[PDB]
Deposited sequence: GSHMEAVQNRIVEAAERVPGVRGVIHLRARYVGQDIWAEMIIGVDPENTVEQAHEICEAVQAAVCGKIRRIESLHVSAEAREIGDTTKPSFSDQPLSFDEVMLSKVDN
């Protein structure tokens, strides 16, 4: 599992460094050839507007794609979160 574990760890670490991110709630990734396709859901402040949340999604996309060049496709979106124990995370 190490290849995908390493990729997922790097994605989570990069996303969590972006201000406004409240953990990574969901993450799925696959190799296609030597490239990676991934979809992720970050936690965000519930009081953000959806358009403010999306600015966080865009910042996460930039950070993750910039740091991990094998990623060819990344979809980021958000759900509400807080030390939250009511949703999954990689925290």
Missing residue ranges, deposited sequence indexing starting at 1 = 83, 93-108
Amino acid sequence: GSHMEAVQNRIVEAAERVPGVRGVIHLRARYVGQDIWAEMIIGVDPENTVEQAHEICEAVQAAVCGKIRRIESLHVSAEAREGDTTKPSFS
From here on, numbers count along this sequence of modelled residues.
As the entry reports it, the stretch among 61-69 and 41-49 with higher mean C-alpha B factor is 61-69
Averaging the C-alpha temperature factors as deposited, the higher value of 51-59 versus 28-36 falls on 28-36
Modelled-residue ranking by C-alpha temperature factor, third containing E79 | lowest
